[PDB]
file query_5.csv (CSV, N, CA, C and O atoms and all ligand atoms)
chain,number,residue,atom,x,y,z
A,1,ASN,N,-61.2,-59.7,-13.8
A,1,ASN,CA,-62.0,-59.0,-14.9
A,1,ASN,C,-63.2,-59.9,-15.2
A,1,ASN,O,-63.8,-59.8,-16.4
A,2,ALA,N,-63.7,-60.7,-14.3
A,2,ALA,CA,-64.9,-61.5,-14.6
A,2,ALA,C,-66.1,-60.7,-14.7
A,2,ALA,O,-66.4,-59.7,-13.9
A,3,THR,N,-66.9,-61.0,-15.7
A,3,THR,CA,-68.2,-60.2,-16.0
A,3,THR,C,-69.2,-60.4,-14.8
A,3,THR,O,-69.8,-59.5,-14.4
A,4,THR,N,-69.3,-61.7,-14.4
A,4,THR,CA,-70.2,-62.0,-13.3
A,4,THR,C,-69.5,-62.4,-12.1
A,4,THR,O,-68.5,-63.2,-12.1
A,5,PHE,N,-69.9,-61.9,-10.9
A,5,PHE,CA,-69.3,-62.3,-9.6
A,5,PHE,C,-70.4,-63.0,-8.8
A,5,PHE,O,-71.6,-62.7,-8.8
A,6,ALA,N,-69.9,-64.0,-8.1
A,6,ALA,CA,-70.8,-64.9,-7.3
A,6,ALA,C,-71.2,-64.1,-6.0
A,6,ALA,O,-70.7,-63.1,-5.6
A,7,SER,N,-72.3,-64.6,-5.4
A,7,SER,CA,-72.8,-64.0,-4.2
A,7,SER,C,-71.9,-64.3,-3.0
A,7,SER,O,-71.0,-65.1,-3.0
A,8,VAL,N,-72.1,-63.5,-1.9
A,8,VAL,CA,-71.3,-63.6,-0.7
A,8,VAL,C,-71.4,-65.0,-0.1
A,8,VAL,O,-70.5,-65.6,0.3
A,9,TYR,N,-72.7,-65.4,0.1
A,9,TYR,CA,-72.9,-66.7,0.7
A,9,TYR,C,-72.5,-67.9,-0.2
A,9,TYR,O,-72.2,-69.0,0.2
A,10,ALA,N,-72.3,-67.6,-1.5
A,10,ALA,CA,-71.9,-68.6,-2.5
A,10,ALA,C,-70.6,-68.2,-3.2
A,10,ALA,O,-70.5,-68.2,-4.4
A,11,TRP,N,-69.6,-67.6,-2.4
A,11,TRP,CA,-68.4,-67.1,-2.9
A,11,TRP,C,-67.7,-68.1,-3.7
A,11,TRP,O,-67.5,-69.3,-3.3
A,12,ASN,N,-67.2,-67.8,-4.9
A,12,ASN,CA,-66.5,-68.7,-5.8
A,12,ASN,C,-65.1,-68.8,-5.2
A,12,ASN,O,-64.4,-67.9,-4.8
A,13,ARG,N,-64.6,-70.1,-5.3
A,13,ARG,CA,-63.2,-70.4,-4.9
A,13,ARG,C,-62.4,-70.9,-6.0
A,13,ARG,O,-62.9,-71.8,-6.8
A,14,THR,N,-61.2,-70.3,-6.2
A,14,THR,CA,-60.3,-70.7,-7.3
A,14,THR,C,-58.9,-71.0,-6.8
A,14,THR,O,-58.5,-70.4,-5.8
A,15,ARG,N,-58.3,-72.0,-7.4
A,15,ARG,CA,-56.9,-72.4,-7.0
A,15,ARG,C,-55.9,-72.0,-8.1
A,15,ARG,O,-56.1,-72.3,-9.3
A,16,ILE,N,-54.9,-71.3,-7.7
A,16,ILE,CA,-53.8,-70.8,-8.6
A,16,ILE,C,-52.5,-71.4,-8.1
A,16,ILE,O,-52.2,-71.3,-6.9
A,17,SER,N,-51.8,-72.1,-9.0
A,17,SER,CA,-50.5,-72.7,-8.7
A,17,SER,C,-49.7,-73.0,-9.9
A,17,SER,O,-50.3,-72.9,-11.0
A,18,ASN,N,-48.4,-73.3,-9.8
A,18,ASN,CA,-47.5,-73.6,-10.9
A,18,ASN,C,-47.5,-72.5,-11.9
A,18,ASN,O,-47.5,-72.7,-13.1
A,19,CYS,N,-47.4,-71.2,-11.4
A,19,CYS,CA,-47.3,-70.1,-12.3
A,19,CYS,C,-46.7,-68.9,-11.5
A,19,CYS,O,-46.6,-69.0,-10.3
A,20,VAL,N,-46.3,-67.9,-12.2
A,20,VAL,CA,-45.7,-66.7,-11.6
A,20,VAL,C,-46.7,-65.6,-11.3
A,20,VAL,O,-47.5,-65.3,-12.3
A,21,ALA,N,-46.8,-65.2,-10.1
A,21,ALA,CA,-47.8,-64.2,-9.7
A,21,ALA,C,-47.3,-62.8,-9.9
A,21,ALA,O,-46.3,-62.4,-9.3
A,22,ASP,N,-47.9,-62.1,-10.8
A,22,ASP,CA,-47.5,-60.7,-11.2
A,22,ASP,C,-48.4,-59.7,-10.4
A,22,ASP,O,-49.6,-59.5,-10.8
A,23,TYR,N,-47.8,-59.1,-9.4
A,23,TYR,CA,-48.6,-58.2,-8.5
A,23,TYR,C,-48.5,-56.7,-9.0
A,23,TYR,O,-49.3,-55.9,-8.5
A,24,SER,N,-47.7,-56.5,-10.0
A,24,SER,CA,-47.7,-55.1,-10.6
A,24,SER,C,-49.0,-54.8,-11.3
A,24,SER,O,-49.6,-53.7,-11.2
A,25,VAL,N,-49.6,-55.8,-12.0
A,25,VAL,CA,-50.9,-55.7,-12.6
A,25,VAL,C,-52.0,-55.4,-11.5
A,25,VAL,O,-52.9,-54.6,-11.7
A,26,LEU,N,-51.8,-56.1,-10.4
A,26,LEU,CA,-52.7,-55.9,-9.2
A,26,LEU,C,-52.7,-54.5,-8.7
A,26,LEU,O,-53.7,-53.9,-8.4
A,27,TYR,N,-51.4,-54.0,-8.6
A,27,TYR,CA,-51.3,-52.6,-8.2
A,27,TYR,C,-51.8,-51.6,-9.2
A,27,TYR,O,-52.1,-50.5,-8.9
A,28,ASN,N,-51.8,-52.0,-10.5
A,28,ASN,CA,-52.1,-51.1,-11.6
A,28,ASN,C,-53.6,-50.7,-11.6
A,28,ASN,O,-54.0,-49.8,-12.3
A,29,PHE,N,-54.5,-51.5,-10.9
A,29,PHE,CA,-55.9,-51.2,-11.0
A,29,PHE,C,-56.2,-49.9,-10.3
A,29,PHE,O,-55.8,-49.7,-9.1
A,30,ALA,N,-57.0,-49.1,-10.9
A,30,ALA,CA,-57.4,-47.8,-10.4
A,30,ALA,C,-58.5,-47.8,-9.4
A,30,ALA,O,-58.4,-47.2,-8.3
A,31,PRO,N,-59.7,-48.5,-9.7
A,31,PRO,CA,-60.8,-48.4,-8.8
A,31,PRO,C,-60.6,-49.1,-7.4
A,31,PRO,O,-61.6,-49.2,-6.6
A,32,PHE,N,-59.4,-49.6,-7.1
A,32,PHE,CA,-59.1,-50.3,-5.9
A,32,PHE,C,-59.1,-49.3,-4.7
A,32,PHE,O,-58.2,-48.4,-4.7
A,33,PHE,N,-60.0,-49.4,-3.8
A,33,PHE,CA,-60.0,-48.5,-2.6
A,33,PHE,C,-59.5,-49.2,-1.3
A,33,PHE,O,-58.7,-48.6,-0.6
A,34,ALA,N,-60.0,-50.4,-1.0
A,34,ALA,CA,-59.7,-51.1,0.2
A,34,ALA,C,-58.7,-52.2,-0.1
A,34,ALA,O,-59.0,-53.1,-0.9
A,35,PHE,N,-57.5,-52.1,0.5
A,35,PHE,CA,-56.5,-53.1,0.2
A,35,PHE,C,-55.7,-53.3,1.5
A,35,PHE,O,-54.9,-52.5,1.9
A,36,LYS,N,-56.0,-54.4,2.2
A,36,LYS,CA,-55.4,-54.7,3.5
A,36,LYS,C,-54.7,-56.1,3.5
A,36,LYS,O,-55.3,-57.0,3.0
A,37,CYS,N,-53.5,-56.2,4.0
A,37,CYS,CA,-52.8,-57.4,4.1
A,37,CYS,C,-52.4,-57.7,5.5
A,37,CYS,O,-52.0,-56.7,6.2
A,38,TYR,N,-52.5,-58.9,6.0
A,38,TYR,CA,-52.2,-59.3,7.3
A,38,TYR,C,-51.2,-60.4,7.3
A,38,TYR,O,-51.4,-61.4,6.6
A,39,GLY,N,-50.1,-60.3,8.1
A,39,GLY,CA,-49.1,-61.3,8.2
A,39,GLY,C,-47.9,-61.1,7.3
A,39,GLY,O,-46.8,-61.7,7.5
A,40,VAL,N,-48.1,-60.4,6.2
A,40,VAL,CA,-47.0,-60.2,5.2
A,40,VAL,C,-47.0,-58.8,4.7
A,40,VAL,O,-48.0,-58.0,4.8
A,41,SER,N,-45.8,-58.4,4.2
A,41,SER,CA,-45.7,-57.0,3.7
A,41,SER,C,-46.2,-57.0,2.2
A,41,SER,O,-45.8,-57.8,1.4
A,42,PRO,N,-47.2,-56.1,2.0
A,42,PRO,CA,-47.7,-56.0,0.6
A,42,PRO,C,-46.7,-55.7,-0.5
A,42,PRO,O,-46.9,-56.2,-1.6
A,43,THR,N,-45.7,-55.0,-0.2
A,43,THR,CA,-44.6,-54.7,-1.2
A,43,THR,C,-43.7,-55.8,-1.4
A,43,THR,O,-42.9,-55.8,-2.3
A,44,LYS,N,-43.7,-56.8,-0.5
A,44,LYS,CA,-42.8,-58.0,-0.7
A,44,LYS,C,-43.5,-59.2,-1.3
A,44,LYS,O,-42.9,-60.3,-1.2
A,45,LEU,N,-44.7,-59.0,-1.8
A,45,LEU,CA,-45.4,-60.1,-2.4
A,45,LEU,C,-44.6,-60.6,-3.7
A,45,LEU,O,-44.6,-61.8,-3.9
A,46,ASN,N,-44.0,-59.7,-4.4
A,46,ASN,CA,-43.3,-60.1,-5.6
A,46,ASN,C,-42.0,-60.9,-5.3
A,46,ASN,O,-41.4,-61.5,-6.2
A,47,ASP,N,-41.6,-60.9,-4.1
A,47,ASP,CA,-40.4,-61.6,-3.6
A,47,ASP,C,-40.7,-62.9,-2.9
A,47,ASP,O,-40.0,-63.9,-3.2
A,48,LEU,N,-41.7,-62.9,-2.1
A,48,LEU,CA,-42.1,-64.1,-1.3
A,48,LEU,C,-42.8,-65.1,-2.2
A,48,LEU,O,-43.6,-64.7,-3.0
B,1,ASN,N,-55.9,-54.7,28.4
B,1,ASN,CA,-57.3,-54.7,27.8
B,1,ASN,C,-58.2,-53.9,28.7
B,1,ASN,O,-59.1,-53.2,28.2
B,2,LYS,N,-58.1,-54.0,30.0
B,2,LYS,CA,-59.0,-53.3,30.9
B,2,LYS,C,-58.6,-51.8,31.1
B,2,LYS,O,-59.2,-51.1,31.8
B,3,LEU,N,-57.5,-51.4,30.5
B,3,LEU,CA,-57.1,-50.0,30.5
B,3,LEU,C,-57.2,-49.3,29.1
B,3,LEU,O,-57.5,-48.1,29.0
B,4,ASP,N,-57.0,-50.0,28.0
B,4,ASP,CA,-56.9,-49.5,26.7
B,4,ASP,C,-57.8,-50.2,25.7
B,4,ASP,O,-57.4,-50.5,24.6
B,5,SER,N,-59.0,-50.4,26.1
B,5,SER,CA,-60.1,-51.0,25.2
B,5,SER,C,-61.3,-50.1,25.4
B,5,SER,O,-61.8,-49.9,26.5
B,6,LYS,N,-61.9,-49.7,24.2
B,6,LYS,CA,-63.1,-48.9,24.2
B,6,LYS,C,-64.2,-49.7,23.4
B,6,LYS,O,-63.8,-50.4,22.4
B,7,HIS,N,-65.4,-49.7,23.8
B,7,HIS,CA,-66.5,-50.4,23.2
B,7,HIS,C,-66.6,-50.0,21.7
B,7,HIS,O,-66.9,-50.8,20.8
B,8,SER,N,-66.5,-48.7,21.5
B,8,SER,CA,-66.6,-48.2,20.1
B,8,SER,C,-65.4,-48.5,19.3
B,8,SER,O,-65.4,-48.4,18.1
B,9,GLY,N,-64.3,-48.8,19.9
B,9,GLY,CA,-63.0,-49.1,19.3
B,9,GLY,C,-62.0,-48.0,19.6
B,9,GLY,O,-62.3,-46.8,19.6
B,10,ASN,N,-60.7,-48.4,19.8
B,10,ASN,CA,-59.6,-47.5,20.1
B,10,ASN,C,-58.9,-47.2,18.8
B,10,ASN,O,-58.1,-48.0,18.4
B,11,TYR,N,-59.2,-46.0,18.3
B,11,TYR,CA,-58.5,-45.6,17.1
B,11,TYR,C,-57.4,-44.6,17.4
B,11,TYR,O,-56.7,-44.0,16.5
B,12,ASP,N,-57.1,-44.3,18.7
B,12,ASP,CA,-56.1,-43.3,19.1
B,12,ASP,C,-54.7,-43.8,18.8
B,12,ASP,O,-53.8,-43.0,18.6
B,13,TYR,N,-54.5,-45.1,18.8
B,13,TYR,CA,-53.2,-45.7,18.7
B,13,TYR,C,-53.1,-46.3,17.2
B,13,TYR,O,-54.0,-46.8,16.7
B,14,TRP,N,-51.9,-46.1,16.7
B,14,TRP,CA,-51.7,-46.5,15.3
B,14,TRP,C,-50.3,-47.2,15.1
B,14,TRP,O,-49.5,-47.2,16.0
B,15,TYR,N,-50.1,-47.8,14.0
B,15,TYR,CA,-48.9,-48.4,13.6
B,15,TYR,C,-48.6,-48.0,12.1
B,15,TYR,O,-49.5,-47.8,11.3
B,16,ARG,N,-47.3,-48.0,11.8
B,16,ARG,CA,-46.9,-47.7,10.4
B,16,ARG,C,-46.6,-49.0,9.7
B,16,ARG,O,-45.9,-49.9,10.2
B,17,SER,N,-47.2,-49.2,8.5
B,17,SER,CA,-47.1,-50.4,7.7
B,17,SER,C,-46.4,-50.2,6.4
B,17,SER,O,-45.9,-51.2,5.8
B,18,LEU,N,-46.5,-49.0,5.8
B,18,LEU,CA,-46.0,-48.8,4.5
B,18,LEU,C,-44.9,-47.8,4.5
B,18,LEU,O,-45.0,-46.7,5.0
B,19,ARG,N,-43.7,-48.2,4.0
B,19,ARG,CA,-42.5,-47.3,3.9
B,19,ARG,C,-41.6,-47.9,2.9
B,19,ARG,O,-41.6,-49.1,2.6
B,20,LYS,N,-40.7,-47.0,2.4
B,20,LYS,CA,-39.8,-47.4,1.3
B,20,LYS,C,-38.8,-48.5,1.8
B,20,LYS,O,-38.5,-49.5,1.1
B,21,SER,N,-38.3,-48.3,3.0
B,21,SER,CA,-37.2,-49.2,3.6
B,21,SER,C,-37.6,-49.5,5.0
B,21,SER,O,-38.3,-48.8,5.7
B,22,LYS,N,-37.0,-50.7,5.5
B,22,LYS,CA,-37.1,-51.1,6.8
B,22,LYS,C,-36.3,-50.2,7.7
B,22,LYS,O,-35.3,-49.5,7.3
B,23,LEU,N,-36.7,-50.1,9.0
B,23,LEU,CA,-36.0,-49.3,10.0
B,23,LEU,C,-34.9,-50.0,10.6
B,23,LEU,O,-34.9,-51.1,11.0
B,24,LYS,N,-33.7,-49.2,10.7
B,24,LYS,CA,-32.6,-49.7,11.5
B,24,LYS,C,-33.0,-49.7,13.0
B,24,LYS,O,-33.9,-49.0,13.4
B,25,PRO,N,-32.3,-50.5,13.8
B,25,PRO,CA,-32.6,-50.7,15.2
B,25,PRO,C,-32.6,-49.3,15.9
B,25,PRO,O,-31.7,-48.5,15.7
B,26,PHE,N,-33.6,-49.1,16.8
B,26,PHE,CA,-33.7,-47.9,17.6
B,26,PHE,C,-33.8,-46.7,16.8
B,26,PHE,O,-33.1,-45.7,17.0
B,27,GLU,N,-34.6,-46.7,15.8
B,27,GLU,CA,-34.9,-45.6,14.9
B,27,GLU,C,-36.4,-45.3,15.0
B,27,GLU,O,-37.2,-46.2,14.9
B,28,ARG,N,-36.7,-44.0,15.1
B,28,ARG,CA,-38.1,-43.5,15.3
B,28,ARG,C,-38.5,-42.7,14.0
B,28,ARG,O,-37.8,-41.8,13.6
B,29,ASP,N,-39.6,-43.1,13.4
B,29,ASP,CA,-40.2,-42.5,12.3
B,29,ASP,C,-41.6,-41.9,12.7
B,29,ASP,O,-42.4,-42.7,13.2
B,30,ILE,N,-41.8,-40.6,12.5
B,30,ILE,CA,-43.0,-40.0,12.9
B,30,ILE,C,-43.7,-39.3,11.8
B,30,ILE,O,-44.9,-38.9,12.0
B,31,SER,N,-43.1,-39.3,10.6
B,31,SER,CA,-43.8,-38.6,9.4
B,31,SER,C,-45.0,-39.4,9.0
B,31,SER,O,-45.1,-40.6,9.1
B,32,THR,N,-46.0,-38.7,8.6
B,32,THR,CA,-47.3,-39.3,8.1
B,32,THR,C,-47.4,-39.1,6.6
B,32,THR,O,-48.6,-39.0,6.1
B,33,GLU,N,-46.3,-39.0,5.9
B,33,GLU,CA,-46.4,-38.8,4.4
B,33,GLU,C,-47.0,-40.0,3.7
B,33,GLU,O,-46.8,-41.2,4.2
B,34,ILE,N,-47.7,-39.8,2.7
B,34,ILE,CA,-48.3,-40.9,1.9
B,34,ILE,C,-47.2,-41.8,1.3
B,34,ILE,O,-46.1,-41.4,1.1
B,35,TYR,N,-47.6,-43.0,1.0
B,35,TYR,CA,-46.7,-44.0,0.4
B,35,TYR,C,-47.0,-44.1,-1.1
B,35,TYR,O,-48.1,-44.0,-1.5
B,36,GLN,N,-45.9,-44.3,-1.8
B,36,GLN,CA,-46.0,-44.3,-3.3
B,36,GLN,C,-45.6,-45.7,-3.7
B,36,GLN,O,-44.5,-46.3,-3.4
B,37,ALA,N,-46.4,-46.3,-4.5
B,37,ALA,CA,-46.2,-47.7,-5.1
B,37,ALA,C,-45.8,-47.5,-6.6
B,37,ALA,O,-46.6,-46.9,-7.4
B,38,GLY,N,-44.7,-48.1,-7.0
B,38,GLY,CA,-44.2,-47.9,-8.3
B,38,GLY,C,-43.5,-46.6,-8.5
B,38,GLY,O,-42.7,-46.2,-7.7
B,39,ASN,N,-43.7,-46.0,-9.7
B,39,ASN,CA,-43.1,-44.7,-10.0
B,39,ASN,C,-44.1,-43.6,-10.3
B,39,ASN,O,-43.7,-42.5,-10.5
B,40,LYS,N,-45.4,-43.9,-10.2
B,40,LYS,CA,-46.4,-42.9,-10.4
B,40,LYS,C,-46.4,-41.9,-9.2
B,40,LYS,O,-46.5,-42.4,-8.1
B,41,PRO,N,-46.4,-40.6,-9.4
B,41,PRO,CA,-46.4,-39.7,-8.3
B,41,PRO,C,-47.7,-39.8,-7.5
B,41,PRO,O,-48.8,-40.0,-8.1
B,42,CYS,N,-47.6,-39.5,-6.2
B,42,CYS,CA,-48.7,-39.6,-5.3
B,42,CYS,C,-49.0,-38.2,-4.7
B,42,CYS,O,-48.2,-37.6,-4.2
B,43,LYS,N,-50.3,-37.8,-4.8
B,43,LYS,CA,-50.8,-36.6,-4.3
B,43,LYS,C,-51.9,-36.7,-3.3
B,43,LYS,O,-52.4,-35.7,-2.8
B,44,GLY,N,-52.4,-37.9,-3.0
B,44,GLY,CA,-53.5,-38.1,-2.1
B,44,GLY,C,-53.9,-39.6,-2.2
B,44,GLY,O,-53.3,-40.4,-2.8
B,45,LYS,N,-55.0,-39.8,-1.5
B,45,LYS,CA,-55.6,-41.2,-1.4
B,45,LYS,C,-56.0,-41.6,-2.8
B,45,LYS,O,-56.7,-40.8,-3.5
B,46,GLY,N,-55.7,-42.8,-3.2
B,46,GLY,CA,-56.0,-43.4,-4.5
B,46,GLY,C,-55.2,-44.6,-4.9
B,46,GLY,O,-54.6,-45.2,-4.0
B,47,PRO,N,-55.1,-44.9,-6.2
B,47,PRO,CA,-54.3,-46.0,-6.6
B,47,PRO,C,-52.8,-45.7,-6.3
B,47,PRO,O,-52.3,-44.6,-6.5
B,48,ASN,N,-52.1,-46.8,-5.9
B,48,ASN,CA,-50.7,-46.8,-5.6
B,48,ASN,C,-50.3,-45.8,-4.5
B,48,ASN,O,-49.1,-45.6,-4.2
B,49,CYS,N,-51.3,-45.3,-3.8
B,49,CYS,CA,-51.1,-44.3,-2.7
B,49,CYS,C,-52.0,-44.7,-1.5
B,49,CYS,O,-53.2,-44.6,-1.6
C,1,LIG,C1,-65.5,-70.1,-10.3
C,1,LIG,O1,-64.9,-71.3,-9.8
C,1,LIG,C2,-64.9,-72.4,-10.7
C,1,LIG,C3,-64.5,-73.6,-9.9
C,1,LIG,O2,-65.3,-73.7,-8.7
C,1,LIG,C4,-64.0,-72.0,-11.8
C,1,LIG,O3,-64.0,-73.0,-12.8
C,1,LIG,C5,-64.4,-70.7,-12.5
C,1,LIG,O4,-63.5,-70.3,-13.5
C,1,LIG,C6,-64.6,-69.6,-11.5
C,1,LIG,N1,-65.1,-68.4,-12.0
C,1,LIG,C7,-64.6,-67.2,-11.8
C,1,LIG,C8,-65.3,-66.1,-12.5
C,1,LIG,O5,-63.7,-67.0,-11.0
C,2,LIG,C1,-32.2,-39.3,9.9
C,2,LIG,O1,-32.6,-38.4,8.9
C,2,LIG,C2,-32.2,-38.6,7.6
C,2,LIG,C3,-32.5,-37.4,6.8
C,2,LIG,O2,-33.9,-37.2,6.7
C,2,LIG,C4,-32.8,-39.9,7.1
C,2,LIG,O3,-32.3,-40.2,5.8
C,2,LIG,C5,-32.4,-41.0,8.1
C,2,LIG,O4,-33.0,-42.2,7.7
C,2,LIG,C6,-32.7,-40.7,9.5
C,2,LIG,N1,-32.2,-41.7,10.4
C,2,LIG,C7,-32.8,-42.2,11.5
C,2,LIG,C8,-32.0,-43.2,12.3
C,2,LIG,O5,-33.9,-41.8,11.8
call {"tool": "encode", "arguments": {"input": "query_5.csv", "output": "structure tokens"}}
result
Amino acid sequence: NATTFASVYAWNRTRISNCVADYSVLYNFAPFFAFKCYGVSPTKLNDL
Amino acid sequence: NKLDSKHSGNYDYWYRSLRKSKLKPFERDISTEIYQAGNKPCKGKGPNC
């Protein structure tokens, strides 16, 4: 929900650790059109 | 590669990635029904579908 997004050539990098990742909120977003996962099952993110 | 590669891209072949449960051995699934995420009903392309 960041107001400003960085450019493609200057993509911002953030590190997330030592917390619980809630993917239900990620699924709850409506304007999401393209969602591709490689190597893992998208529905198993809450378990892995 | 020299039999099943097209310069524009081979979209004739597909794989299934979204389904409620894993397949038991030697089971064939051919349905193209949309996938539902969570409990919200799905009627077409969009969120959770
Ligand atoms: C951008 O990354 C920096 C660290 O490089 C971080 O402090 C900041 O919160 C990030 N901003 C966004 C909007 O993700
Ligand atoms: C056979 O069909 C039933 C009813 O649709 C379904 O529940 C089951 O998973 C199918 N089994 C296999 C091995 O395809």
call {"tool": "atom_distance", "arguments": {"input": "query_5.csv", "atom1": "atom CA of residue B:27", "atom2": "atom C4 of ligand LIG 2 (chain C)"}}
result
9.9 Å
call {"tool": "residues_near_ligand", "arguments": {"input": "query_5.csv", "ligand": "ligand LIG 2 (chain C)", "cutoff": "8 Å", "atoms": "only C-alpha atoms and all ligand atoms", "output": "number ranges by chain"}}
result
B: 23-24, 26-29
call {"tool": "interface_residues", "arguments": {"input": "query_5.csv", "of": "chain B", "to": "chain A", "cutoff": "5 Å", "atoms": "all atoms listed in the file", "output": "list in words"}}
result
residues 46, 47 and 48 of chain B
call {"tool": "residues_near_ligand", "arguments": {"input": "query_5.csv", "ligand": "ligand LIG 1 (chain C)", "cutoff": "12 Å", "atoms": "only C-alpha atoms and all ligand atoms", "output": "ChimeraX atom specification"}}
result
/A:1-7,10-16
call {"tool": "atom_distance", "arguments": {"input": "query_5.csv", "atom1": "atom O of residue B:49", "atom2": "atom O of residue B:35"}}
result
5.1 Å
call {"tool": "decode", "arguments": {"input": "query_5.csv", "residues": "chain B", "atoms": "C-alpha atoms", "output": "PDB file, in the first residue's frame"}}
result
ATOM      1  CA  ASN B   1      13.002 -29.034 -29.189  1.00  0.00           C
ATOM      2  CA  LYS B   2      13.391 -29.568 -32.935  1.00  0.00           C
ATOM      3  CA  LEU B   3       9.870 -31.057 -33.162  1.00  0.00           C
ATOM      4  CA  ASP B   4       7.776 -29.066 -30.648  1.00  0.00           C
ATOM      5  CA  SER B   5       9.211 -25.539 -30.667  1.00  0.00           C
ATOM      6  CA  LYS B   6       7.691 -22.586 -32.521  1.00  0.00           C
ATOM      7  CA  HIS B   7       9.321 -19.187 -32.955  1.00  0.00           C
ATOM      8  CA  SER B   8       6.100 -17.426 -31.944  1.00  0.00           C
ATOM      9  CA  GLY B   9       5.704 -19.801 -28.989  1.00  0.00           C
ATOM     10  CA  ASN B  10       3.972 -23.148 -28.478  1.00  0.00           C
ATOM     11  CA  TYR B  11       0.705 -22.465 -26.654  1.00  0.00           C
ATOM     12  CA  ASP B  12      -0.981 -25.679 -27.829  1.00  0.00           C
ATOM     13  CA  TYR B  13       0.329 -27.624 -24.813  1.00  0.00           C
ATOM     14  CA  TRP B  14      -0.813 -26.844 -21.266  1.00  0.00           C
ATOM     15  CA  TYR B  15      -0.434 -27.976 -17.663  1.00  0.00           C
ATOM     16  CA  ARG B  16      -2.799 -27.809 -14.694  1.00  0.00           C
ATOM     17  CA  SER B  17      -1.494 -25.905 -11.670  1.00  0.00           C
ATOM     18  CA  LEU B  18      -4.561 -24.966  -9.575  1.00  0.00           C
ATOM     19  CA  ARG B  19      -6.882 -27.558  -8.042  1.00  0.00           C
ATOM     20  CA  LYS B  20      -8.445 -28.257  -4.662  1.00  0.00           C
ATOM     21  CA  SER B  21      -6.549 -31.504  -4.036  1.00  0.00           C
ATOM     22  CA  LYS B  22      -3.534 -33.379  -5.343  1.00  0.00           C
ATOM     23  CA  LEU B  23      -4.079 -36.205  -7.816  1.00  0.00           C
ATOM     24  CA  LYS B  24      -3.838 -39.834  -6.790  1.00  0.00           C
ATOM     25  CA  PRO B  25      -1.431 -41.889  -8.930  1.00  0.00           C
ATOM     26  CA  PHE B  26      -2.586 -42.701 -12.471  1.00  0.00           C
ATOM     27  CA  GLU B  27      -5.504 -40.257 -12.351  1.00  0.00           C
ATOM     28  CA  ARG B  28      -6.477 -38.051 -15.296  1.00  0.00           C
ATOM     29  CA  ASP B  29      -8.147 -34.654 -14.865  1.00  0.00           C
ATOM     30  CA  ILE B  30      -9.457 -32.952 -18.005  1.00  0.00           C
ATOM     31  CA  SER B  31     -11.916 -30.370 -16.639  1.00  0.00           C
ATOM     32  CA  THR B  32     -11.140 -26.698 -17.278  1.00  0.00           C
ATOM     33  CA  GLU B  33     -13.282 -25.333 -14.442  1.00  0.00           C
ATOM     34  CA  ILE B  34     -12.019 -22.166 -12.781  1.00  0.00           C
ATOM     35  CA  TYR B  35     -10.261 -22.356  -9.418  1.00  0.00           C
ATOM     36  CA  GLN B  36     -11.718 -20.796  -6.268  1.00  0.00           C
ATOM     37  CA  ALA B  37      -9.509 -19.298  -3.555  1.00  0.00           C
ATOM     38  CA  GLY B  38     -11.046 -19.039  -0.100  1.00  0.00           C
ATOM     39  CA  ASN B  39     -14.837 -19.138   0.186  1.00  0.00           C
ATOM     40  CA  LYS B  40     -15.875 -16.380  -2.235  1.00  0.00           C
ATOM     41  CA  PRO B  41     -17.782 -17.871  -5.201  1.00  0.00           C
ATOM     42  CA  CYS B  42     -16.075 -17.705  -8.591  1.00  0.00           C
ATOM     43  CA  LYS B  43     -17.879 -16.875 -11.839  1.00  0.00           C
ATOM     44  CA  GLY B  44     -14.989 -15.807 -14.072  1.00  0.00           C
ATOM     45  CA  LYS B  45     -11.537 -14.288 -14.258  1.00  0.00           C
ATOM     46  CA  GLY B  46     -10.810 -11.991 -11.336  1.00  0.00           C
ATOM     47  CA  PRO B  47      -9.800 -11.991  -7.674  1.00  0.00           C
ATOM     48  CA  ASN B  48      -9.455 -15.443  -6.078  1.00  0.00           C
ATOM     49  CA  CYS B  49     -10.310 -17.006  -9.473  1.00  0.00           C
TER      50      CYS B  49
END
